[PDB]
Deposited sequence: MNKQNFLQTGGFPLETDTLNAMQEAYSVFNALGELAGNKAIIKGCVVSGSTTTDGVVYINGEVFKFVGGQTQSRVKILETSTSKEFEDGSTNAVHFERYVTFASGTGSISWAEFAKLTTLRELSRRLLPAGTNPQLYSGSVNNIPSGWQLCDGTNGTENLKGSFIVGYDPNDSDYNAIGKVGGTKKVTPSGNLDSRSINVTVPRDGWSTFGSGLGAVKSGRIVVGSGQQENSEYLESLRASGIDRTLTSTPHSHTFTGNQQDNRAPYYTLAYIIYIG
């Protein structure tokens, strides 16, 4: 019965495959130039690892340091994170959206788009912003805002122009008076008045630099893209 009571326990070597080929199951920690004792798994077999002075290469009953044949690079052996630690690093289902660049038509089993269905956040078309308990814009999960496009707007101040109306250069029409069209400006002829002196008239004295009534203009802005350089990725989440 000892044959049946050896083959029965021998199947436990295969449990090393849960760690993976060339995994360090236990121990094998570096001190200085020495690696501590431990347990390794190689090609379907669980081995006690007898340490001592490090030799960057190992060989195989137990595993110890070597070089030559059948030398295995000790760099190929990996230390593991425990299932306890992996479980602690696992966030509750439905709370941890993930970035996804794979096929949107082949979302992995148990996963879905964060689209508002099945209790998910609807993250479609959104830029994420960090929750901030002290900012009213971001002090709760799911607070939204922002716009894809914006149109600039603004005002112009009111301004006047100046124009100088000259007292000179109006030219002349017709002859001495005589008559002048009613409401038509009268000018000098350049000639002295004959036999008479006109005290009621004078040459104009100055040009007139006039200021216009103020005016402004309406500004009509063109729509612009409010988005910083973006890259589309899907937000997916594990449901179960």
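**Q** Could you list the ranges of the deposited sequence that have no C-alpha atoms in the model?
**A** In sequence order, the gaps with no modelled C-alpha are 1-17, 78-97.
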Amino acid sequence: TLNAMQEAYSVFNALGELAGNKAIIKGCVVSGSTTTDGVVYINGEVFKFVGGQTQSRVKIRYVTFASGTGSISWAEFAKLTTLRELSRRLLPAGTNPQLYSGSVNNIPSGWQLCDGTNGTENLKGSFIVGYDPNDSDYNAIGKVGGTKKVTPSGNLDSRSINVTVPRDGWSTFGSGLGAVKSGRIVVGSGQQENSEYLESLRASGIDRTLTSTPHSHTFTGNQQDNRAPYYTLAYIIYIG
From here on, numbers count along this sequence of modelled residues.
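**Q** On average, are the C-alpha B-factors higher in 119-127 or in 71-79?
**A** The recorded data point to 71-79.
**Q** Would you determine, from the values in the PDB entry, which of 156-164 and 95-103 has the greater average C-alpha temperature factor?
**A** Looking at the recorded C-alpha B-factors, 156-164 comes out higher on average.
**Q** Using the temperature factors in the entry, find which of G52, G188, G183, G205 has the highest value at its Cα atom.
**A** So the option with the highest C-alpha B-factor is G52.
**Q** Taking the Cα B-factors listed in the entry, which of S200, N194, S171, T211 comes out highest?
**A** If I rank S200, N194, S171, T211 by C-alpha B-factor, first place goes to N194.
**Q** Comparing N13 with the other modelled residues of its chain, is its CA B-factor in the lowest, middle or highest third?
**A** CA B-factor rank for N13: middle third.
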